[PDB]
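Comments concern the structure below.
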Amino acid sequence: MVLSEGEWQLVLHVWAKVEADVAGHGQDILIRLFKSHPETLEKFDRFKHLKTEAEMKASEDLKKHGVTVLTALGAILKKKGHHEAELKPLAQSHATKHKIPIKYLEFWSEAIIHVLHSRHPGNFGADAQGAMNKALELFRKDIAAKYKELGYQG
Ligand code: HEM
């Protein structure tokens with residue numbers, strides 16, 4: 001699958017807004033993920049102890065990870081499809097070290113879409129959400145292909 005330039009423009013336009021507050025968006029997205037699919041939290045030995053949303057919001061450690069995650073995702077999105085080099089190490093660490101099922105990657109995509117829709121309604125209408133979903137599906141498809149090559153189900 002390939003996104004059109006018009007689709008990439010919609011994706012990068014809303015991403016530019018996300019970049020005005022990377023730490024805040026990182027926090028919102030991770031918390032959304034954990035609240036919607038609590039089982040994902042078990043994969044983070046570093047955050048498994050957090051019991052409430054209040055504790056998550058206060059964790060400087062969780063905020064730091066959110067920044068790291070969004071910065072990596074941003075670098076990938078800006079490649080507009082030419083992300084093979086950036087994807088390799090990420091696929092390897094998540095398949096071999098962290099052991100993240102492809103199913104959890106879908107939950108992740110859901111969380112990002114929910115937060116963008118909540119914080120940027122004006123720049124995240126139907127067309128823009130469709131473009132973002134397509135970009136995230138592209139990423140998931142490529143990561144899934146790499147998982148297989150690396151010897152991990154998904
Ligand atoms: C767009 C998808 C995602 C991106 C871009 C992303 C990115 C990253 C990055 C950059 C790191 C640090 C470097 C590394 O270890 O490779 C990381 C670590 C990690 N990721 Fe992801 N990640 C994604 C999805 C997920 C999901 C869905 C889970 C599980 C629900 C997950 C679990 C982990 C874990 C357990 C670590 C280690 C955290 C620590 O202990 O410091 N990641 N991820």
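Scheme for the structure tokens: letters A, B, ... for chains in order shown; per-chain residue numbers from 1; ligand numbers from 1 in order shown.
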What are the closest atom pairs, with distances in Å to one decimal, for all residues of stretch 63-87 of chain A lying within 12 Å of stretch 110-122 of chain A? Consider only C-alpha atoms, order rows by chain and residue number, and present the result as a Markdown table.
| residue | atom | partner | partner_atom | distance |
| --- | --- | --- | --- | --- |
| A:66 | CA | A:112 | CA | 11.7 |
| A:69 | CA | A:112 | CA | 11.6 |
| A:70 | CA | A:112 | CA | 10.0 |
| A:73 | CA | A:112 | CA | 10.9 |
- prompt: What lies within 12 Å of stretch 83-87 of chain A using only C-alpha atoms, ignoring chain neighbours under 3 positions off, as a list in words?
  reply: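 So, after excluding close chain neighbours, the residues are residues 71, 72, 73, 74, 75, 76, 77, 78, 79, 80, 90, 91, 92, 93, 94, 95, 135, 138, 139, 140, 141, 142, 143, 144, 145, 146 and 147 of chain A.
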Selected residue of minimal separation from ligand 1 among A:131, A:50, A:18, A:41, counting only C-alpha atoms and all ligand atoms: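 Selected residue with least distance to ligand 1: A:41.
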message: So, with only C-alpha atoms and all ligand atoms as the atoms that count, which of A:13, A:98, A:57, A:25 lies closest to ligand 1?
response: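 For ligand 1, the nearest of the given residues is A:98.
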field: Closest of A:123, A:65, A:89, A:100 to residue A:14 - atom-to-atom distances counting only C-alpha atoms
entry: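 Among the listed residues, A:123 lies closest to residue A:14.
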query: stretch 28-117 of chain A: which residues are helix (DSSP H, G or I) by DSSP, as a count of residues only?
result: 69
task: State, in Å with one decimal place, the distance from atom 8 (C, counted along the ligand's line) of ligand 1 to atom CA of residue A:1.
output: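 So the answer is 23.5 Å.
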- request: Using atom 7 (C, counted along the ligand's line) of ligand 1 and atom CA of residue A:48 as the two end points, give the distance in Å to one decimal.
  value: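 Distance between the two atoms: 17.5 Å.
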query: Can you tell me, as a list in words, what residues are no more than 12 Å from residue A:51 when counting only C-alpha atoms, ignoring any on the same chain fewer than 2 positions away?
result: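 In the requested form, the answer reads residues 31, 34, 35, 38, 41, 42, 47, 48, 49, 53, 54, 55, 56, 57, 58 and 59 of chain A.
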Write out the residues from the selection above, keeping C-alpha atoms, as a compact mmCIF listing (two decimals), in the first residue's frame.
# COMPACT_ATOMS: atom_id res chain seq x y z
CA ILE A 31 -2.46 6.55 29.64
CA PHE A 34 -3.35 1.44 29.57
CA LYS A 35 -6.90 2.41 30.48
CA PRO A 38 -4.86 -2.83 30.89
CA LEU A 41 0.68 -2.46 31.06
CA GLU A 42 1.96 -5.90 32.07
CA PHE A 47 5.37 0.81 34.97
CA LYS A 48 3.54 -2.33 36.15
CA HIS A 49 3.26 -0.94 39.69
CA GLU A 53 -4.42 7.32 36.40
CA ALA A 54 -3.34 9.82 39.04
CA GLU A 55 -0.11 7.89 39.65
CA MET A 56 0.49 7.62 35.90
CA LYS A 57 0.10 11.37 35.41
CA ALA A 58 2.61 12.00 38.20
CA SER A 59 5.23 9.58 36.89
- line: With distances taken over only C-alpha atoms and all ligand atoms, the candidate from A:43, A:148, A:82, A:64 nearest ligand 1 is A:43
message: Need the shell around residue A:63: protein/DNA/RNA residues with any atom at most 8 Å away, counting only C-alpha atoms. Skip same-chain ones fewer than 6 positions apart. Format as number ranges by chain?
response: A: 23-24, 26-27, 57
query: Nearest to residue A:5: which of A:153, A:97, A:81, A:137 is it, counting only C-alpha atoms?
result: A:81
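Distances from A:105, A:30, A:22, A:12 to ligand 1 were compared using only C-alpha atoms and all ligand atoms, and the smallest one belongs to A:105.
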